[PDB]
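Enquirer: following this: a sequence and the matching experimental structure.
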Amino acid sequence: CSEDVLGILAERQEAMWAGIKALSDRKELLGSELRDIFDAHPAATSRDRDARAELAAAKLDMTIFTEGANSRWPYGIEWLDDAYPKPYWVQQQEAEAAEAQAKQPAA
Amino acid sequence: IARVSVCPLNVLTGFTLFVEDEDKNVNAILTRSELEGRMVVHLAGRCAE
Amino acid sequence: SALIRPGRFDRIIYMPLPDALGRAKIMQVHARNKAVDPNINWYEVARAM
Amino acid sequence: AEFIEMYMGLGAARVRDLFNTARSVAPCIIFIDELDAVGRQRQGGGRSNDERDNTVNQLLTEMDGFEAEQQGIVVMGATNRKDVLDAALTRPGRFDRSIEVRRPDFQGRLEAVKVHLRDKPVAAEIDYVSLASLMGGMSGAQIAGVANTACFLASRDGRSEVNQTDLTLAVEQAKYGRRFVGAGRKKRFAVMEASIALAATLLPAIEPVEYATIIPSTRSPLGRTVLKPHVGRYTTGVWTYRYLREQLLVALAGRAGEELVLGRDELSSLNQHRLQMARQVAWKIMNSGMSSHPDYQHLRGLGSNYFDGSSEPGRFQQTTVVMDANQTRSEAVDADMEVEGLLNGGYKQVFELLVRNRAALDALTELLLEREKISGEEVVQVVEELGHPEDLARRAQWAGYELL
Amino acid sequence: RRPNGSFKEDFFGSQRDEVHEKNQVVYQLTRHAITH
Amino acid sequence: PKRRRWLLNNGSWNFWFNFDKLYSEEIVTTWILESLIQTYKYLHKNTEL
Amino acid sequence: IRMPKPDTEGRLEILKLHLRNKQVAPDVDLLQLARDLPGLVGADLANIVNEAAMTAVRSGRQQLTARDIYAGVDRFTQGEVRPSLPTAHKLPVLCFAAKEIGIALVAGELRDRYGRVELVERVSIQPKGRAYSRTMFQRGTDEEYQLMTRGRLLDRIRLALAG
Amino acid sequence: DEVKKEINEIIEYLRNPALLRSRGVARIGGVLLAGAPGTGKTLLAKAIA
């Protein structure tokens, strides 16, 4: 959700500055005036270098731990097999995956 | 800075009195630069000692 | 919720807290009777309060 | 309530004058209503316990007292619960006989339905056994109320008396009560109750359906499907393991059908309580020694069981304590992994089920939308004429078995 | 001492307050903890 | 109510945090021993007294 | 006989009564207004109306305008007016106005993509009560608030982050 | 600023009641003074009195 919002806001910079400039003067606005102000400044039709740089800076570095290859027993935790004995269902998963992938060449 | 002092009321600490403006961030705003500057100023005493 | 109905108490007016100049004036007058050095820059003292 | 007074020392005065008049006009019968609100057990408590207690003391010295008797006068009292009153009152010698007044039984309702219309106009086409078996569970005052309501609806209709058909509506609205529901929120109700009905009808270990409705009542904010109670399990407690698996499927069928019909981004918050119910089932399966973990399978529960009495004589509530002294820190992970496998594999299974039977699902929801309430035979007929062949075969294979 | 709590919107869900006043309380609380 | 902060049971027994007990215990022990030893060394040369 | 607070209709009727003698512009919508005050009981509406009326009569006019009824709602929903934001430095008003315009712009962009978001109604950076800024929305029919679907909660999350 | 541009009204009403009693503005039956603790609103009151 954060990436979606930051991608919305870093396209309508002109409209946001028009709105801030308008609101600083009158300290009050109605949704219709706001709507027409935003309409006066439609988004860019294409992306130049500066727009690409802004859009690229509209990403995050938030780490998501259980992503992709980390969807299985260690879950990307490194100290886990020195703190906890391997559960039984983890062993069953590993067994079935081992035999399936050993059937991969023979299939 | 308004007044730097040492040993107020004979306690074993200093006391620096800071004048600040209530109309740059109206009792509500904290930016990142300000917080990092505060951190540096609060470690400076130990580091100089 | 009773004494607020129209006619009884219909207008509320807000008194803010003073500012640098307000505090300066406030402390200037409460000192007319006390013994005070004449060369007091009351504004500066109100800036740090 | 006449003995409830916050002045100093008039409760005993009222008891004394009542008993003196009763002794003067002996023989007698002294009936005291609201006994449960004065004769509760004496305690330290607040300052009322200085006088409210004193009052009761007077009583304890009139029915038994000194003087060894007055006449043998009979005293009776109206209370709702005998356990709330203190041991000094209800002991033998002050209350020898203790009799009970329950709700009307089948015979009681059979004769109270007619005895309440002896002084009421009514027609000839009535079978009192139908209403005697049709409104079981109400109090006698409620039977008087439903008779009053049928008579008043006749008044508002212009006729003086009522036939069967309208007093049946009166009793049914005295049960489920009589709000506007939009047309977009109504199809959600229809779809989820239709999916529950289709599941409960196609799984062989679940009881047949009784009726399905989408009209919200005063207390439940959505529709309801009701199953026919199997007296076997309810009297003995033999709930097998097959039944618990099917009951998991039936708990998730609502959300399965909602997401199947209305697309995934329309999942609503109408299955919050069905998700809590499915969690209950899945954790009971583990706590009952039914897991497939070898360290747990036919050997253990989850922890240590302690029971504690509920608000009734024969009711108990269970509690499990799980600590480091019975769960080893990698059996916790296994318990979570297994319960979650149950929950999510059950969702997938019921989802593919409802997929294979789309035609019956849509027929049921159209019918529910057009009739607003249906009976189990209609559901059975639709499912039988429209369902998948393999599901109907699986259903007919286990048709006759008494208990599964 | 004559007698804030977040345990009410966590477990009981009251939320009897406009979002603006809550946001203002958060701003002032952070600034007061850190700079006073 | 189980304990959830297991971190190590392979060459020691550790739980989350506790990354400061070895250091503190070494300090306490060495300081007490050094004090006792200096007391002993002083009294060792004043036995007739 | 137990009767609690009135519904949207109970409210519309009351403000129709108290505003029958007075006059209002054609644009001022009494339906949307009576829909945006859920929780008031009868006389609070009278206070709203009379405060809007005294604001309008101090305004040198007599016809109630949208701004006037809006001022009345705010003197009770929010609170009394307070001194404006300092303009000696750019920081305060820039920050608060950017908050407001970000909420409003993101709401407008979401509503034009899925349709579930409300309409933004009023944007103000005038201190009033205990807040300093406000982005107000048009509330919908209560039928819309009996459920909480998935997309609607995603939109709530995005609007919470946007400011 | 705004509080005074409003209390000119109570000034005029306390000057001569008959002028604005029936002029169209309802009777000023009560005013509320809001502020911080110890703001000294009473002072301002005196001014109008």
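Expert: Perfect, I can see it now. Numbers count the residues shown, from 1 in each chain, chains lettered A, B, ... in the order given.
Enquirer: CA atoms for contacts and neighbours, from now on please.
Expert: OK.
Enquirer: got the residues of chain E near chain C?
Expert: Counting by Cα under 8 Å from any Cα of the partner chain, no residue of chain E lies close to chain C.
Enquirer: C-alpha coordinates for the lengthiest helix in chain E, CSV please?
Expert: Ranked by number of residues, the top helix in chain E under DSSP state H is helix E:19-35. C-alpha atoms of helix E:19-35 as CSV (Å, rounded to 0.1, in the frame of the first residue of the first chain):
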residue,chain,number,x,y,z
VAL,E,19,-9.0,11.4,13.8
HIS,E,20,-7.7,15.0,13.7
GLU,E,21,-7.6,15.4,17.5
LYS,E,22,-5.9,12.0,17.9
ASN,E,23,-3.3,13.0,15.3
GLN,E,24,-2.7,16.3,17.1
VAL,E,25,-2.2,14.4,20.4
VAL,E,26,0.4,12.1,18.7
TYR,E,27,2.3,15.1,17.2
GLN,E,28,2.5,16.9,20.5
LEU,E,29,3.3,13.8,22.5
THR,E,30,6.3,12.9,20.4
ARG,E,31,7.6,16.5,20.3
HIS,E,32,7.2,16.8,24.1
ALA,E,33,8.9,13.5,24.9
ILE,E,34,11.8,14.3,22.7
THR,E,35,12.4,18.1,23.1
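Enquirer: what residues does that helix touch?
Expert: B:27-30, G:130-134 (Cα atoms under 8 Å, 6 or more residues apart in numbering or on different chains).
Enquirer: 6 Å - rerun?
Expert: With contact meaning Cα atoms under 6 Å, 6 or more residues apart in numbering or on different chains, helix E:19-35 is reached by B:28, G:130-131.
Enquirer: could you count how many residues lie near the closest residue to chain A within chain E?
Expert: Residue nearest to chain A within chain E (Cα to the nearest Cα): residue E:20, separated by 16.2 Å. Residue E:20 has 16 neighbours, counted by other Cα atoms under 10 Å in any protein chain shown.
Enquirer: so which bits of chain G are right by chain D?
Expert: When proximity is defined as Cα under 6 Å from any Cα of the partner chain, chain G approaches chain D at G:148-151.
Enquirer: what is the nearest of those residues to chain F?
Expert: residue G:150 (32.4 Å).
Enquirer: quick one: contacts for that closest one?
Expert: Here residue G:150 is in contact with D:265-267 (Cα under 6 Å, 6+ apart).
Enquirer: out of the residues of chain G next to chain D, which comes closest to residue F:46?
Expert: Nearest to residue F:46 out of the residues of chain G next to chain D is residue G:150 (Cα to Cα; 87.2 Å).
Enquirer: how near is the closest one to residue D:318?
Expert: 36 Å (Cα to Cα, to the nearest Å).
Enquirer: in chain C, which helix is the longest?
Expert: helix C:20-29.
Enquirer: does the residue most central in space within chain H belong to a helix, a strand or coil?
Expert: Geometric centre of chain H, nearest residue: residue H:10, 3.4 Å, by Cα atoms, centre = their mean. Secondary structure assignment for residue H:10 (DSSP: H, G, I helix; E, B strand; the rest coil): helix.
Enquirer: number of nearby residues for the residue lying closest to it once chain neighbours are set aside?
Expert: Computed as Cα to Cα, 6 or more residues apart in numbering or on different chains, the closest residue to residue H:10 that is not its neighbour in sequence is residue H:28, at 7.3 Å. Residues lying near residue H:28 (other Cα under 10 Å) number 19.
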